[PDB]
Each structure stands twice: as C-alpha cells, then as structure tokens.
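Listed here are the chains, written in short residue letters.
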Amino acid sequence: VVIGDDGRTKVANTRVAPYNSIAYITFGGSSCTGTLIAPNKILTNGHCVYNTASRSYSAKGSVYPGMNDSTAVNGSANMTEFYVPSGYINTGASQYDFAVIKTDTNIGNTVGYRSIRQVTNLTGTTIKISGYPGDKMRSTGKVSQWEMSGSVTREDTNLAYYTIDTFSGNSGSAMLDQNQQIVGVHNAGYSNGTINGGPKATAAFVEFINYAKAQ
C-alpha cells in the first residue's frame, strides 16, 4: 500500500548492483518483481506463480533484470519451472508466500545475483525495497524500477512489517539490508492498509530456497 505521501524514487542506474539483479517478471495475466539469487533462479512471491483461489499456476512469461524506461538494458530470459513451498499450496498463508523460478539461460552470471541472510529479528534494521510497481507504469507510461528505504517497525515470528510504500507489481520485491543481502520478500498490505509486510528469511525460508537452488 502507499501510505500517506509517496516516498518512492526512480532508480537512476540499473546497470549496477543491486538494481541490475532486480527483475520485472511477466506472466500470462499479471506481472511481479523478482530478484536473481542464482545463475538461473529468481526469487519472488508465491501468489505471483500460484493462485490459491483457482488452484492454478500462472502461465509462464519472461524475466527482465534491471529493465528501465521499458528497455531491457541487461537482456532477458524465459521462465521454465516453478518451485513453490508445499505450505503455500496447502494454506495460502503469508508465511509461505515465496517461490523460485528457473530461467532458460544463466542470466544471473551476466548481471550477478544476491545472497540470502538468515535472520531471527529485523526490528530496527533499515531495509530497501526496490521493484516494479504498476501505478508508476500508469503515470509514466514506462516500465522502470522504483525504490524506497525505511526501518522495520515490527515483526512476528515469520513476518516483518514496515511503512515503506508499495503498490501492485511490487509483490516479490526483496527486502535488502545495508549489505545488499536478502532478508525477506515483500508480499502485501496488513492491518487494513496501514502497514506493509512480508515473510522474513527464517530457517524454513532458507531450507526451501536451498532445495530450489539445487534444481
């Protein structure tokens, strides 16, 4: 959700880290954000790849790392396989709302990719959320990356929360710490649109990702 005044700013250079590793990803009926985490693996939200209500996987599309002004400035890859946690398939709960996508080429070796840091507590940590919101697509007519930083204001055992502004299309944006490590993935608005949040990189998160990295 966008909370009060919009604090997001346009990423000026998507040819450098970490922005070159953050991708506009398309499906047959929607788009999201994702982040390269291996030579041929993207991390995003579960709800981007699997619809709980229809029990349906999304139609596969394409991956554009560091797209800016609707230009694939670092090339593109196609999606080939989805890996979704069993818990997401079975409950649709926010604590399992993450997924990995394999690409057809090793595009992560050209632009680089991000590591994941397992965390226990994020309260007070400054994170950055950068990705591809749909509202900016409407208003500028271009697909560009927008970022905003802020503090994690509360958390529970699986989720972290923040007032950093997000809009549809930001689903799957990584939470990046000061060292450009992934500590979680944005998924939704909470508390009737007064805060945003998503799953932290817990031990359970990291185990699934490690399995997915081996596929």
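Residues numbered from 1 in each chain as written, not as in the entry; some residues may be left out. Heavy atoms only, no water.

**Let's talk about the state of the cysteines**
- Scanning the model with the defined rule gives 1 disulfide in all.
- Disulfide partner of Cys32: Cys48, at an S-S distance of 2.0 Å. Sign of the S-S torsion, about -95 degrees for the bond between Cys32 and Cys48, identifies this disulfide as left-handed. Pair noted here: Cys32 is in strand 3 (residues 31-38) and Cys48 is in helix 1 (residues 46-49), with a separation of 16 residues, a long-range link.
- Looking at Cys32, the relative accessible area reads 5%, which means it is buried.
- Looking at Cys48, the relative accessible area reads 2%, which means it is buried. (Disulfide = S-S within 2.5 Å. Helix = DSSP H or I, 4+ residues; strand = E, 2+ residues; numbered from the N terminus. Buried < 20%, exposed > 50% of the residue type's maximum accessible area, 1.4 Å probe, protein only.)

**Some thoughts on the side chain of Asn170**
- Residue position: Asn170 is located in the loop between strand 13 (159-162) and strand 14 (174-176).
- With a relative accessible area of 2%, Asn170 lands in the buried category.
- Those residues in contact with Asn170, other than ones at most four positions away along the chain, are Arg8, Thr33, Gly131, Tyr132, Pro133 and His186. (Contact = heavy atoms within 4.5 Å.)

**A closer look at the side chain of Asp177**
- Inspection of the secondary structure puts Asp177 in the loop between strand 14 and strand 15 (182-185).
- Looking at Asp177, its side chain comes within polar contact range of the side chain of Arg117, at 2.9 Å.
- Here the side chain of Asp177 touches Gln181 through a polar contact of 3.0 Å, landing on its backbone nitrogen.
- Not counting chain neighbours up to four residues away, the residues in contact with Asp177 comprise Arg117, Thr126 and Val183. (Polar contact = N/O pair within 3.5 Å; in protein donor to acceptor, adjacent residues only side chain to side chain.)

**Comments concerning the nonpolar core**
- Ranked by size, the top nonpolar core spans 33 residues in total, and within it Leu43, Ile116, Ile127, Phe205 and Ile209 carry the most contacts.
- Looking at this core, the elements with two or more residues in it are strand 2 (22-27), strand 10 (126-131), strand 13, strand 14, strand 15 and helix 5 (203-213).
- Each of domain 1 (1-17 + 116-202) and domain 2 (18-115 + 203-215) contributes no fewer than three residues to this core.
- Filtering out sequence-adjacent residues up to four positions away, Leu43 remains in contact with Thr33, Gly34, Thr35, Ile37, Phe98, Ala99, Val100, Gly172, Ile182, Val185, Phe205 and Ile209.
- Residues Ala23, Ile42, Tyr88 and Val111 belong to the second largest nonpolar core, which totals 19 residues. (Core = buried A, V, L, I, M, F, W, Y, C linked by side-chain atoms within 4.5 Å. Domains from an automatic or database assignment.)

**Observations concerning the domain arrangement of the chain**
- Split by domain assignment, the chain resolves into domain 1 (1-17 + 116-202) and domain 2 (18-115 + 203-215).
- Between domain 1 and domain 2, the contact holds 42 residues from the first and 35 residues from the second.
- Around 3200 Å² of area is buried between domain 1 and domain 2 when both sides are counted, 54% of it from carbon and sulfur atoms.
- Ionic pairing is found between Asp69 and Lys10, a salt bridge with its closest N-O pair at 3.9 Å.
- Where domain 1 meets domain 2, there are 27 residue pairs in polar contact.
- Listing elements by their share of the side of domain 1 that touches domain 2, those giving two or more residues are strand 10, strand 14 and strand 15.
- Considering every element that reaches the side of domain 1 that touches domain 2, the biggest residue donor is strand 10, with 3 residues.
- Classifying every residue of the side of domain 1 that touches domain 2 gives 16 nonpolar, 19 polar and 7 charged. (Buried area = accessible area lost by both parts, 1.4 Å probe. Salt bridge = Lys/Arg side-chain N within 4 Å of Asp/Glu carboxyl O. Nonpolar A, V, L, I, M, F, W, Y, C, P; charged D, E, K, R; others polar.)

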